[PDB]
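Take this sequence and fold it.
(2 chains, ligands or ions: 3)
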Amino acid sequence: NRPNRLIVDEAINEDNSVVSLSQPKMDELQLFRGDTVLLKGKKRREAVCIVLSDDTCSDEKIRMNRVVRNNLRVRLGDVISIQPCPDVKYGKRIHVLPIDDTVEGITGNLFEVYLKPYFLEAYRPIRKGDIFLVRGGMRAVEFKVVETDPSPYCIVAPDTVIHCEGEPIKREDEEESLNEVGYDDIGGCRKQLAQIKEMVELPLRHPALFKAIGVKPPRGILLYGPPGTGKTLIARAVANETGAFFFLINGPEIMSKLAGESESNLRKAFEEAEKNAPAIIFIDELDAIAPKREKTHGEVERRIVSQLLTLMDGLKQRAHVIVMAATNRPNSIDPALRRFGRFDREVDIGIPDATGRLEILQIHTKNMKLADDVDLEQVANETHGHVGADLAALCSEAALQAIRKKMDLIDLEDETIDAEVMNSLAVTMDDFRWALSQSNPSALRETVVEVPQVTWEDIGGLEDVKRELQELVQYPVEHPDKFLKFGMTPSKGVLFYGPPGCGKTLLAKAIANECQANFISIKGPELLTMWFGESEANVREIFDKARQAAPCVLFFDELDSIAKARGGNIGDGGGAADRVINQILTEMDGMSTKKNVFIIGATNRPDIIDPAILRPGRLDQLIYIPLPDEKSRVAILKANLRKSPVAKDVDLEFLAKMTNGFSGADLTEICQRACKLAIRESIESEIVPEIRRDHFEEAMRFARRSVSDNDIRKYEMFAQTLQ
Amino acid sequence: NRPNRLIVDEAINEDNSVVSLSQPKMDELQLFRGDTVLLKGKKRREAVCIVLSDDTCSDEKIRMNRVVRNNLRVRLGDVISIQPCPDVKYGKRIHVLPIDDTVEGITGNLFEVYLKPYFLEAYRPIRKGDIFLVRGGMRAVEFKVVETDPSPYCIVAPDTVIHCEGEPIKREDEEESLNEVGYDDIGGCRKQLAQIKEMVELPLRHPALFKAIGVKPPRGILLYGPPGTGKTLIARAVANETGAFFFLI
Ligand SMILES: Nc1ncnc2c1ncn2[C@@H]1O[C@H](COP(=O)(O)OP(=O)(O)O)[C@@H](O)[C@H]1O
Ligand SMILES: Nc1ncnc2c1ncn2[C@@H]1O[C@H](COP(=O)(O)OP(=O)(O)O)[C@@H](O)[C@H]1O
Ligand SMILES: Nc1ncnc2c1ncn2[C@@H]1O[C@H](COP(=O)(O)OP(=O)(O)O)[C@@H](O)[C@H]1O
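Residues are numbered from 1 along each chain as shown, chains lettered A, B, ... in the order given. Ligands and ions are numbered 1, 2, ... in the order given. See below for the structure:
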């Protein structure tokens, strides 16, 4: 269909002016990784960029960063024309020059720093007019090239004399400035980022179609998550990047006004925004306006929760407006806000995980120029519990520490503090570890939901259980119509039972990982909390959170916990049923047909579990998890030692021999007991620094087995008795 | 880097006009515990103080109390110039004289008490203009030395005839009065005192930098503790000592 045009799409690399083509296009465009290519754009303008070769991209989507797009005036999903330019011709000092307000308090010589490092080792091709952006010294300043000695475009060479100027030509009115947040400023919430963009792509990008079609596009979207997880960030990025007019209501501003000065700004906020359409109204802190409940007193509060309901109703789909509202927990707001036609979509931004806390950290230091040893992987490992704002606060406190150890050491403080001096400034690992030492996990801790990092590589033995579990959890999600051929419902429960420390937890996490599914762990103390606190209404919030995190594995560990707290060898006079397990029964059997929520219980006392859990439509598959065998006891010892260094001198299958049986936990005990005797040696020294066989022999002096061969027979009994 | 300048920092002793140097500096400045030293300060003014020798201080930080700093116009973290003055020359009755409102209901003869005990056993060196402060009888009254018979500075000796006056010259508008609380008025909360000063040092002391840098300085701080533990005290001291405008809701 005249394959010249191509779509624009996001790109992974940090560098500017690099487009990443789909590899089965090589000889079509005929141009390799050494050829720069001209790209057509809106208001009659272009750019030229060197090309990279990668597998994962789609065929039709060019991958390029924000700066190369803004000048093109392409917004993601737009199409550009890609035509080669082998005809490239080098320049002699293209003239480059500072812009915006960015251009903040800088002074002196910014060219040996904000240019010369960047142009070097590069040959970065530059067409006159590009905004190409540089970063250093806790700031991103971009230099627009106003003049190119040859034209239109030029490679840069190390041999072009370089022109010191530094004058502040103000940015033109019509371009929308770069400082503003795009999608690449959002680190760690991306699964849901596709979700919001999917909802809003067609309404915001294509106003014509919904006037040319019968259908209803989403009227309002409810972003919810703990505070500081980037909900405002998301709304702004989506608005800024689609180009739609972003209006911002925040609850306390509306609540700041007097009665009738309030709802006027509110009903003006939409009657102002529906002009500028397509537009996004972001109502964050929707709890401030709209907790319509028992708890509000007064008419004027109840008035404002009203009229918000009827501005939601008032948009007739001739409004191109999308309404986003940020909330913290969903029960927070008035339930009539969720009527269909007000806030129909509900999207949970959630706490970022270790794998996500990395990207956030890497977004909030892109201007710093760090120090070489800090790896941001273990920085991202000990920041657990931090939302993305906690993370932004960490690295800014890191950078204010390092500015405390240096600089004003001399007291160089002048009118405008020097450029080259902050670029020298670097922040080492001893700053960040000092940044964490502060209170910063002052944000929320509630039930986590993320893909665990335990692959099957971590579980010694249990081969048959590993394949049994895959069938239970995998085959239904992958191959449904096969289940439909025999008219079968996949069983959605499992109950692991066996002695303690045999890996019932590991297996559950391992299988969530193999599915790349979310894993919610409800541990024993949390069920006991509901049972003492007589609050089993919490079990509903647990399953609805699995439903929103689906596909997920929901794991009840120590499901016998409440049965124990009642005794159970003699125990109370009652039956097996109790408050909390009752609500687990209720919420299980009353759950949605298949949302890919798979329920795993685990127990070390299958004896005293109530049998109602067992009935079909519940945890329906009992899987015994035995004490390991020396076959497995070898892989248990290795999967523990696959991190810490273990010299060849100490040998395994002989340790794994001497134990008639231990738990996989008793073996980790031995391992960790040995590794303690080692570090004891290494800290002391020197006044050698690795593990040794005699470390493990002193460890084995304390090796105890927690399972007494009595109850294995008891466990052996529950096995054949049940079938 | 032209090691003349040095930073100002807090000091443990109760007495006035004593700066406590870092001991591995002895022969650099070449001056021992028997030499008085001239220190440069803002709006073209100085002071001279005898020196003490201690281990725990940093190398770059002079340790001196509030009174010796206020006239210097140095606020902690500022830098002053330290140059020796073995050339010291004694005075004959520097003229000293009461100031502020402090100067409250006092009367009769305050010189046998608010001066003569303090000058004694001392040789306290005094440059014309110093505010050096004395305490007695449930009040702290400070006497500014308006006139020095030789100049600029003088040791005091027990042999200088002493001038009874006691007149209330009102304090000049531009100096920020001593009665106001500093860090040394806060006794027992100090671990967190370093914490608040760490948070607020760079934003309050260096307004230029956060305009010259991308970053966000702390917007608000929440002091909490049982009532009467000095939370207002802390906020005022930090404000008064960095010099920033303190508003109180
Ligand atoms: N996922 C994220 N990626 C990058 N930055 C984030 C993320 N989440 C939060 N932040 C940072 O946290 C700060 C607070 O974000 P904001 O959206 O105001 O919080 P909330 O989510 O409560 O609305 C923002 O300045 C943003 O830079
Ligand atoms: N079969 C095993 N293979 C590897 N490690 C194990 C095994 N069993 C136990 N462990 C180690 O012991 C710890 C406790 O095991 P856990 O998963 O709690 O089992 P359970 O739930 O049966 O008590 C885990 O951290 C795990 O690393
Ligand atoms: N750590 C302290 N050191 C010295 N004085 C203190 C201290 N804490 C309290 N005070 C005294 O207690 C009085 C009450 O202090 P104030 O700051 O008003 O109380 P709060 O801490 O409730 O704000 C102040 O006059 C102050 O002199």
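
So residue A:47 belongs to a strand, correct?
Yes: when the secondary structure is assigned by DSSP: H, G, I helix; E, B strand; the rest coil, residue A:47 falls within a strand.

Quick check: residues of chain A near ligand 1?
Proximity of chain A to ligand 1, by C-beta under 6 Å from any ligand atom, involves residues A:185-189, A:227-233, A:284, A:326, A:352, A:360, A:363, A:388-389, A:392. Any C-beta I mention is one placed from the backbone N, CA and C, and that applies to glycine too.

Just the buried residues from those residues, in PyMOL please.
This is the PyMOL syntax for the buried subset of the residues of chain A next to ligand 1, where burial follows 16 or more other C-beta atoms under 10 Å in any protein chain shown:
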select buried, chain A and resi 185+186+187+188+189+228+229+230+231+232+233+284+326+352+360+363+388+389+392
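
Take the residues of chain A next to ligand 1 and keep only those in helices.
A:231-233, A:360, A:363, A:388-389, A:392 (DSSP state H).

With distance to chain B as extra columns, can I get the residues you listed in a markdown table?
Compiled in a markdown table, these are given as follows (distance: C-beta to the nearest C-beta, whole Å):
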| residue | distance to chain B |
| --- | --- |
| A:231 | 19 |
| A:232 | 15 |
| A:233 | 15 |
| A:360 | 16 |
| A:363 | 13 |
| A:388 | 14 |
| A:389 | 11 |
| A:392 | 8 |
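
okay, now the domains of chain A?
Using curated CATH domains, the domain parsing of chain A gives A:1-88, A:89-171, A:180-351, A:352-446, A:447-628, A:629-707.

between those domains, which gets nearest to residue A:719?
Comparison of the domains of chain A against residue A:719 by C-beta to C-beta identifies domain A:447-628 as nearest, at 5.2 Å.

does that closest one come close to ligand 2?
Yes: for domain A:447-628 and ligand 2, the contact criterion (C-beta under 6 Å from any ligand atom) is met by A:459-462, A:500-506, A:602, A:628.

Please state the offset of that domain from the chain centre?
If you compare the mean C-alpha spot of domain A:447-628 with that of the full chain, they lie 25 Å apart, counting by C-alpha atoms, centre = their mean, to the nearest Å.

next one: stretch A:309-327
Counting by C-alpha atoms, centre = their mean, stretch A:309-327 is centred 28 Å from the centre of its parent chain.

Check stretch A:441-461 too.
Per C-alpha atoms, centre = their mean, the displacement of stretch A:441-461 from the mean C-alpha position of its chain is 13 Å.

for it, how far is the first residue from the last?
Criterion C-alpha to C-alpha, to the nearest Å; first-to-last residue distance in stretch A:441-461 is 38 Å.

Return the set of buried residues in it.
In stretch A:441-461, the ones that count as buried by 16+ other C-beta under 10 Å are A:443-444, A:449-452, A:454, A:456, A:458-461.

Can you find the residue of chain A that comes nearest to chain B?
Using C-beta to the nearest C-beta, the single residue of chain A nearest to chain B is residue A:105, 3.3 Å away.

Could you report the separation of the nearest residue to that residue once chain neighbours are set aside from ligand 3?
Nearest in space to residue A:105, with sequence neighbours left out and distances taken as C-beta to C-beta, 6 or more residues apart in numbering or on different chains, is residue B:212 at 3.3 Å. Residue B:212 sits 35 Å away from ligand 3, going by C-beta to the nearest ligand atom, to the nearest Å.

Report the contact partners of the most centrally placed residue in chain A.
Nearest to the mean C-alpha position of chain A, by C-alpha atoms, centre = their mean, lies residue A:188 at 3.0 Å. Going by C-beta atoms under 8 Å, 6 or more residues apart in numbering or on different chains, residue A:188 touches A:352-353, A:355-360, A:388.

For stretch A:27-44, C-alpha coordinates in PDB please.
Extracted in PDB, the C-alpha atoms of stretch A:27-44 (Å, rounded to 0.1, in the frame of the first residue of the first chain):
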ATOM      1  CA  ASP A  27      16.600  -4.800   2.100                       C
ATOM      2  CA  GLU A  28      13.100  -3.200   1.700                       C
ATOM      3  CA  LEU A  29      14.500   0.100   2.800                       C
ATOM      4  CA  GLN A  30      17.800  -1.300   1.800                       C
ATOM      5  CA  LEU A  31      19.600   0.600   4.500                       C
ATOM      6  CA  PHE A  32      21.900  -0.800   7.200                       C
ATOM      7  CA  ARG A  33      23.100   0.400  10.600                       C
ATOM      8  CA  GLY A  34      25.600   2.700   9.000                       C
ATOM      9  CA  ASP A  35      23.100   4.900   7.100                       C
ATOM     10  CA  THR A  36      21.200   8.000   8.400                       C
ATOM     11  CA  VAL A  37      17.600   8.500   7.300                       C
ATOM     12  CA  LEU A  38      15.300  11.500   6.700                       C
ATOM     13  CA  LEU A  39      11.900  11.400   8.300                       C
ATOM     14  CA  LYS A  40       8.900  13.500   7.300                       C
ATOM     15  CA  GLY A  41       6.800  15.400   9.800                       C
ATOM     16  CA  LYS A  42       4.100  17.900  10.400                       C
ATOM     17  CA  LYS A  43       4.200  21.600   9.600                       C
ATOM     18  CA  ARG A  44       6.700  20.700   6.900                       C
END
